[PDB]
Amino acid sequence: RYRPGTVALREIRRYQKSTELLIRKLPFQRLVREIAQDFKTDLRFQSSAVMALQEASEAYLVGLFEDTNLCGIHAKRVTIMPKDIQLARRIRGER
Amino acid sequence: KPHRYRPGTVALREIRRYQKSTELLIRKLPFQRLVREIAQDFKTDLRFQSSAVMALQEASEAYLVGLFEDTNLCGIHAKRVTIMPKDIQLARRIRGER
Amino acid sequence: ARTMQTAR
Amino acid sequence: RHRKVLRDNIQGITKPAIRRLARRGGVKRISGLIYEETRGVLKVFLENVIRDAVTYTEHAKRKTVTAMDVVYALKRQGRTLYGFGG
Amino acid sequence: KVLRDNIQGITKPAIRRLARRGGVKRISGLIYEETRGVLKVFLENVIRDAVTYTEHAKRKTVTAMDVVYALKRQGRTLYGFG
Amino acid sequence: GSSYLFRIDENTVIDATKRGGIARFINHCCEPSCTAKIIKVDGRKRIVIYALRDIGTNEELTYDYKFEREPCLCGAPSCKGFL
Amino acid sequence: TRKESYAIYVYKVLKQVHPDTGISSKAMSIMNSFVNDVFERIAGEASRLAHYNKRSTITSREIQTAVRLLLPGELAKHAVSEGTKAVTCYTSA
Amino acid sequence: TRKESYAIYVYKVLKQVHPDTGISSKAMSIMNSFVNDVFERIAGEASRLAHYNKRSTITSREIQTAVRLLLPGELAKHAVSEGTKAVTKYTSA
Amino acid sequence: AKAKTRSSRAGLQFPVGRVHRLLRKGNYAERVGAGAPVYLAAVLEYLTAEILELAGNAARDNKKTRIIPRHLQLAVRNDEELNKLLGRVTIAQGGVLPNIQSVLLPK
Amino acid sequence: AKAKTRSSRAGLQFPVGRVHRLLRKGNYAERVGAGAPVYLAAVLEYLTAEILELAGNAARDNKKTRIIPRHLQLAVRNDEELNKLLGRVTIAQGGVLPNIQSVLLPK
DNA sequence: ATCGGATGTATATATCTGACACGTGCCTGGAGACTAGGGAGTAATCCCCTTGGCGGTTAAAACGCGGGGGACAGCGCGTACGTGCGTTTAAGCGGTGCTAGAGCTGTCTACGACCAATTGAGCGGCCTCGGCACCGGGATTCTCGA
DNA sequence: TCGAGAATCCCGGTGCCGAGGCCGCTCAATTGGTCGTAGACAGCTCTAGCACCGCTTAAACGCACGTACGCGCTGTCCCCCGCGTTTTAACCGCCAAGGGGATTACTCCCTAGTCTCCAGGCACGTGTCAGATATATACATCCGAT
Ligand SMILES: [Zn+2]
């Protein structure tokens, strides 16, 4: 049994050192087709244009969490919370 | 003891006065003499169109105001009511400027 | 009296 | 042939997956209320990119959302994406 | 003449008035030099691009279109001067 | 027993007993939600009725009548019992 | 010299919604320079869009995909409706 | 049909600086996207700047004043030195 | 509506003479469709109509007849989807939207 | 009949022909000058050098001989002026610069 | 501060793979030569506005000075986020079949450029008055020490 | 819970110039011609996107548990606010030189365009070798106990 919070730092370094995709493929490719249902019905997705959406959504969430974790740190704690995420989006302009 | 205002109720008056007016908030001569300094480092002997100092002033004063709105949110988020330079340097860091 | 009004 | 309207695949962006995504973002402790907020954030991001991805295809009169149309949707919102061309 | 340190003309009330307009209530005294260190960074970029538009036109006067084009370029479009 | 007159400038009123718009039907509450400024369009006064707070869906509209100077059936606590 | 702007054409629309009001010149230079932004923003996007599909004509079909991209939400649906209603009246008459 | 790219001209400049390190497939598609991107930005800026002066020419002067806007600082000095080398050695030689 | 002055035929106020010129001496593409400047002038007139309507509304609500830029900021920023179109822009001489965050009020 | 490529004649390795065509077919302006497409081809050639130099340097320290996207991400984001230039750009499959904040490390 | 214990993590070695470096054919786009021509350069003036300076008023900044409330550190508590473990359940794959749709060629047809000949909308220039600035008095009302 | 005092709201009066309305006056739009071609349309090969399958298993999931981190409450204090007096530099108007912007008038030379030539570069087939995996291992990092 490790100290709580040290498997985390052993897990931070592991993911930051590698480049594979962190969301599973099929639970994502289904989400894209669910959301593409609204704007057009029965679309096909040229199957590299879902990889073009993981790689642009994963790289958006990660750049958001780097901007969330700076806000949580700034509120003098080490735990991100949804009152941080909503701040980081409000400062960038997004919300 | 005279009529002394409590600490805070001239802030919340100067807020509601300045938000309700449109005028320029940095005196024009200490701003014209600032632009001509910073423009020296790129070219010597630059005349400035009179409008194009106003046109600089209207965008800088709407940057900082848009920064102090973004600053003050961080203070409130940190359970404060005082903005400190560890708040400006977060709003700039999150927006991707520094 | 009973006439409605603004600002008096 | 078959007719399905999808329901709740946003629960595929899984609670461990938002954890791994957070790790690469360098965080140590994730409050349990994050996992229904990121899903809120991601579902808003995916909409605006697909709505522009579709609008490009639908102009070109197609039924396949090709990889260049996704890229132009990203390039329009100032997210430029560099491994898929042009 | 060549001058230095005009930035202390961006004076301590004229920082707090801007602050007031942006709706902030109490201002730490360390701000008033940090803001002069942000406003110099902003004005450096906008004038550096603006002189470059002027320099290109073989002109010696920074007209209002240049400042508007330098601001449009960095994504801070300015309605009001053409 | 219903006073449908309004005041635009002190030597003319506006009557709403027989003619008028639905705007007569606004009740009174000395804890207000609406007020009526006197905005002129195209050179006569008009009595336009702005709002003070977010008014909900199917919420009741209120007003001060300002009967100056000399019975409030509003049933709200912090209000003068008369008008 | 003659330096064209949209001074009158903005005024002729002010007399159509609010026929009693006027407009200060400093807030006419804004509208003069608001339209010159939305022009160069719509004709911009409607010319990346005629070039991704290898066309070489800006039709009226690019200008409505360009408006359905830039203008957000309910300004999209309305400016499409008042778009097509004003090109139909052009061709018919 | 043929689909063009800068896939070979990157490989030359790869071997010119680093004569032993090959490049991947995916990491060529990035360097193919990046060249197309900067070409859009530099010629974009040289287009909007040969229009503000009401000219009709992308001269070689405009690209020097399009690099001096996009490229931040250090690269701005080098890419004009590396630029004006080429246009000198093209005219004379 | 009329037969001269091509904007008259569509029944608009914004010119289609000026726009169709500016779509060819602007180098957006090679050949400008003859329907195209009409549709473009229809979108432009609609926005200039919508932003002048909410400006004028907020000018009578501040008792003034003519429109000064302080009204144009209030027309844009108080709107939900005209602020979003004009998100990054800055209107000269045009104040701020009055708001005070909640914890700044006394209690 | 001694048709020397302009790419050679200036001293470049990027196709000055294929730039002078793309400066025209895209309709950037009316008259692409002849001095122009050289100057592009140099500037592009300079930048693609400078990112491939730092990429190669990242390939050695990772002890690999084929540049992968991860080395391209590491060549950009580690630099100060390129990472300023390719600011908003996402490089697919490139991962993230390794950094923890100093608060998160323990004692 | 030690230190042994565990244990994942980083360093070696085999080997097998399929992704890439590379020849081969070709083909279509780049080069070359030359033509006309308008667009840019290079003169020339011309006058507008920018700069500099000044003299006087005075609003605004600076400076000092109470003092209060907000930042800060501290400390206790309970809770919830993590770690682990054991269990499920889709992800992945990889393999097939299939068929809808993208891509492409070949067709021709409306249509946009283009130019000329015409002219009236729109822009600059010039009066001219009412809308707002500006100030005065007073009713209001907000705060805050009673 | 209140009068006192302060600032703000507001109404009315006077004044100025900036907005708006007119007026010649171009030149930019319209009109109505041809003229090539872009793009629409039909038709087609085929590929790649969807769909289904079985299987393997990694991975998610659920629960228990214990903790350490959030958080709330307290105390201290110092530093920011408010305000008064002094100080000064902004500003406003004024004057004057003149530099540089902006325009007109040439003029030539560089670029579009065109046509003929050919080889650079593109798709394609192909061997091989860097790299992924597979397997043991020497060691840093952590943790419990000392
Ligand atoms: Zn009541």
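The rules behind the values
- Residues numbered from 1 in each chain as written, not as in the entry; some residues may be left out.
- Chains lettered and ligands numbered in written order.
- Part of a larger assembly, values for the part shown.
- Heavy atoms only, no water.
- Residues with missing side-chain atoms left out of burial classes, pairs and counts.
- UniProt positions renumbered as here; feature names shortened; annotations may be inferred.
- Helix = DSSP H or I, 4+ residues; strand = E, 2+ residues; numbered from the N terminus.
- Rg over C-alpha atoms; globule rule 2.2 N^0.38 Å.
- Contact = heavy atoms within 4.5 Å.
- Near = heavy atom within 4 Å.
- Polar contact = N/O pair within 3.5 Å; in protein donor to acceptor, adjacent residues only side chain to side chain.
- Nonpolar A, V, L, I, M, F, W, Y, C, P; charged D, E, K, R; others polar.
- Axes fitted to C-alpha atoms, helices over the stretch in contact; angles between N-to-C directions.
- Left-handed = near helix turned anticlockwise from the far one by under 90°.
- Pairing = 2+ DSSP bridges.
- Buried area = accessible area lost by both parts, 1.4 Å probe.
- Salt bridge = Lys/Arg side-chain N within 4 Å of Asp/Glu carboxyl O.
- Buried < 20%, exposed > 50% of the residue type's maximum accessible area, 1.4 Å probe, protein only.

- Method of determination, as annotated in the archive: cryo-EM, at 3.5 Å resolution.

- Per the PDB entry, chain D goes by the name Histone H4 and belongs to Xenopus laevis.
- According to UniProt, the comment filed for chain D under the heading Sequence similarities is "Belongs to the histone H4 family."

- The name given to chain A in the PDB entry is Histone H3, and the organism recorded there is Xenopus laevis.
- Recorded in UniProt for chain A, the comment headed Sequence similarities (unreviewed entry) runs: "Belongs to the histone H3 family."

## Some points on the overall build of chain D
And step 1. The number of helices and strands found in chain D is three helices and one strand.
And step 2. In chain D, the succession of α and β elements from N to C terminus is α-β-α-α.
And step 3. Relative to the 2.2 N^0.38 estimate, which gives 12 Å for 86 residues, the radius of gyration of chain D is 16 Å and therefore markedly larger than a compact globule would have.
And step 4. In terms of overall dimensions, chain D has a C-alpha envelope of 45 × 35 × 15 Å along the principal axes.
And step 5. The long-range share in chain D, meaning contacts at least 24 apart out of those at least 6 apart in sequence, stands at 34%.

## Some thoughts on the protein's contact with DNA strand K
And step 1. Lining the immediate surroundings of DNA strand K are 75 residues, of which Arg36(B), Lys63(D), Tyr9(G), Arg55(H) and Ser56(H) lie closest.
And step 2. The contact atoms of DNA strand K, taken as those within 4 Å of the protein, divide so that sugar and phosphate hold 97%.
And step 3. Within the side chain of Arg6(J), a nitrogen or oxygen atom sits 3.3 Å from a phosphate oxygen of DNA strand K.
And step 4. Its residues assigned to classes, the surface near DNA strand K shows 18 nonpolar, 22 polar and 35 charged.

## What to know about the packing of helix α3 (residues 36–60) of chain I against helix α4 (residues 69–77) of chain I
Residue and element names in this part refer to chain I.
And step 1. At a closest axis distance of 8 Å, the pairing of α3 and α4 adopts a crossing angle of 115 degrees. Crossing angle aside, the handedness with which α3 passes α4 is right-handed. Residues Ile-51, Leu-54, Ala-55, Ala-58 and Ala-59 of α3 form the contact with α4, whose own contacting residues are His-71, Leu-72, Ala-75 and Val-76.
And step 2. Here the residues of the contact of α3 with α4 are counted per class, giving eight nonpolar, one polar and no charged.

## Regarding the pairing of strand β2 (residues 12–15) of chain F
All names here are of chain F.
And step 1. Direction of pairing for strand β1 (residues 5–9) relative to β2: antiparallel, over a ladder of four bridges. By the bridge assignment for β2, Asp-9 is matched with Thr-12.
And step 2. Turn length for the β1-β2 hairpin, with the two strands adjacent in sequence and antiparallel, is two residues.

## Quick look at the interface of chain D and chain J
Size of an interface: often given as the accessible area lost when the parts come together.
And step 1. Contact with chain D, which involves eleven residues of that partner, is made by nine residues of chain J.
And step 2. Interface area, chain D with chain J, both sides summed: about 820 Å², of which 61% is carbon and sulfur.
And step 3. Where chain D packs against chain J, one counts zero salt bridges.
And step 4. For the pair chain D and chain J, the interface holds four residue pairs in polar contact.
And step 5. For the side of chain D that touches chain J, a count of residues per class yields three nonpolar, five polar and three charged.

## Examining the protein's contact with DNA strand L
And step 1. Near DNA strand L there are 77 residues, and of these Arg33(B), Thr57(G), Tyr9(H), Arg18(J) and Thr65(J) occur at the shortest range.
And step 2. Within 4 Å of the protein, the contacting atoms of DNA strand L are 99% sugar and phosphate, with bases supplying the remainder.
And step 3. Between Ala3(I) and DNA strand L, the recorded distance is 3.0 Å, taken from a backbone N or O atom to a phosphate oxygen.
And step 4. A distance of 3.0 Å is found between a phosphate oxygen of DNA strand L and a backbone nitrogen or oxygen belonging to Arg66(J).
And step 5. Grouping the amino acids of the surface near DNA strand L by side-chain chemistry returns 20 nonpolar, 22 polar and 35 charged.

## Here's the deal with the interface of chain A and chain D
And step 1. Taken together, the contact pairs 54 residues of chain A with 51 residues of chain D.
And step 2. Those elements that place two or more of their residues in the side of chain A that touches chain D are α1 (6–17), α2 (26–39), α3 (51–74), β1 (79–80) and α4 (82–92) of chain A.
And step 3. Grouping the constituent residues of the side of chain A that touches chain D by class yields 30 nonpolar, eleven polar and 13 charged.
And step 4. Where β1(A) meets strand β1 (residues 29–30) of chain D, two bridges bridge the pair, whose relative direction is parallel. Bridged to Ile80(A) within β1(D) is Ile30(D).

## Thoughts on the side chain of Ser28(E)
And step 1. Assignment of secondary structure puts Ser28(E) in the loop between β1 (26–27) and α2 (31–56).
And step 2. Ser28(E) gets classed as buried once you look at its relative accessible area, which sits at 14%.
And step 3. Here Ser28(E) is in contact with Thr82(B), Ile83(B), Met84(B) and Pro85(B), once residues within four sequence places are set aside.

## A word on the UniProt feature "domain: Core Histone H2A/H2B/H3" (unreviewed entry) in chain A
And step 1. In this structure's numbering, the residues bearing the UniProt feature "domain: Core Histone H2A/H2B/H3" (unreviewed entry) are residues 4–91 of chain A.
And step 2. Across residues 4–91 of chain A, the secondary structure splits into 68% helix and 2% strand, with the terminal C-alpha atoms separated by 32 Å.

## Observations regarding the arrangement of the chains
And step 1. Here chain C and chain E are not in contact; the least distance found between their C-alpha atoms is 30 Å.
And step 2. Spatially, chain C is disjoint from chain H: no contact exists, and the shortest C-alpha separation is 56 Å.

## Concerning the environment of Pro69(I)
And step 1. If you trace the backbone, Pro69(I) turns up in helix α4.
And step 2. Taking relative accessible area as the criterion, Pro69(I) reaches 7% and is therefore assigned buried.
And step 3. For the pair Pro69(I) and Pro15(I), spaced 54 residues apart in the sequence, the C-alpha separation amounts to 25 Å.
And step 4. With sequence-adjacent residues up to four places away left out, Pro69(I) is seen in contact with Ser24(G), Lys26(G), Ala27(G), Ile30(G), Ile91(I), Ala92(I), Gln93(I) and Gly94(I).

## With respect to the pattern of salt bridges
And step 1. Inspection of every chain in the model, using the stated rule, returns 33 salt bridges over all chains.
And step 2. Two residues, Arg89(A) and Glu94(A), come together in a salt bridge whose shortest N-O distance is 3.7 Å.
And step 3. Residues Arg21(I) and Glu4(G) are paired through a salt bridge, measuring 2.9 Å at the closest nitrogen-oxygen approach. Of this pair, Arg21(I) sits in helix α2 (residues 17–22) while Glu4(G) sits in the segment before α1 (7–17), on two different chains.

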